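Everything below concerns the one structure shown next.
Because only heavy atoms are used, hydrogens play no part in the values below, and waters and symmetry mates are left out as well, while side chains stay in. So you know, we letter chains A, B, ... as the sequences are listed, proteins then strands, and number each from 1.
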Amino acid sequence: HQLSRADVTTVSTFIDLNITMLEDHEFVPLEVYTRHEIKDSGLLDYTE
Amino acid sequence: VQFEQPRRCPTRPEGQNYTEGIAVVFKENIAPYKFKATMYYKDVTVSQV
């Protein structure tokens, strides 16, 4: 009789190697203090 | 048993398409407007001695 290849158990001669891509990353703007904060840290503003 | 038949290999992705161009990048203006002026005044002193 004939039979499908799926009827025969499969052994692999291939060596596996799983490489995955480094995914995209988004860098948002990020400051510890803005210019507004730096200017506001003064106690008196001469101009105002 | 049977040997596994060849796998479908990965393909090189299409790659990114880039448009060439010239750019001008503008930031928020923080520089004050500057101009020239002339003051006309008179120092008036009254001394009591």
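Evaluation of the ring-ring contact (aromatic ring centres under 6.0 Å, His included) test over residues 8-42 of chain A, restricted to residues two or more places apart or in two chains, returns A/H25-A/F27. Identified under the side chain to side chain donor-acceptor pair (under 3.5 Å) test for residues 31-49 of chain B, with sequence neighbours left out: none. Within the structure, salt bridge (charged side-chain N to carboxylate O under 4.0 Å, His left out) contacts touching residues 24-33 of chain A (residues at least two apart or in different chains) do not occur.
As a member of the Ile/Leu/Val/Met/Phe/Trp/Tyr network built from side-chain separations under 4.5 Å, A/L3 groups with A/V8. The hydrophobic cluster containing A/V11, built from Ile/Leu/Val/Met/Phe/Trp/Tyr side-chain heavy atoms closer than 4.5 Å, also comprises B/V1, B/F3. B/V49 belongs to no hydrophobic cluster, as no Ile, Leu, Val, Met, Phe, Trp or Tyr side chain comes under 4.5 Å of its own. Applying the under-4.5 Å side-chain rule to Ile, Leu, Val, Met, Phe, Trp and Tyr, the cluster around A/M21 extends to A/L17, A/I19.
A search for side chain to side chain donor-acceptor pair (under 3.5 Å) contacts involving A/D45 returns A/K39, not counting sequence neighbours. A/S4 meets the side-chain contact (heavy atoms from CB on, under 4.5 Å) test with A/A6, A/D7; sequence neighbours excluded.
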Donor-acceptor pairs are to be reported for all side-chain atoms of residues 5-28 of chain B against protein atoms at under 3.5 Å, with residues two or more places apart or in another chain.
residue: B/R7; atom: NE; partner: B/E4; partner atom: OE2; Å: 2.9
residue: B/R7; atom: NH1; partner: A/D16; partner atom: OD1; Å: 3.0
residue: B/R7; atom: NH2; partner: A/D16; partner atom: OD1; Å: 3.4
residue: B/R7; atom: NH2; partner: B/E4; partner atom: OE1; Å: 3.3
residue: B/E28; atom: OE1; partner: A/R35; partner atom: NH2; Å: 3.1

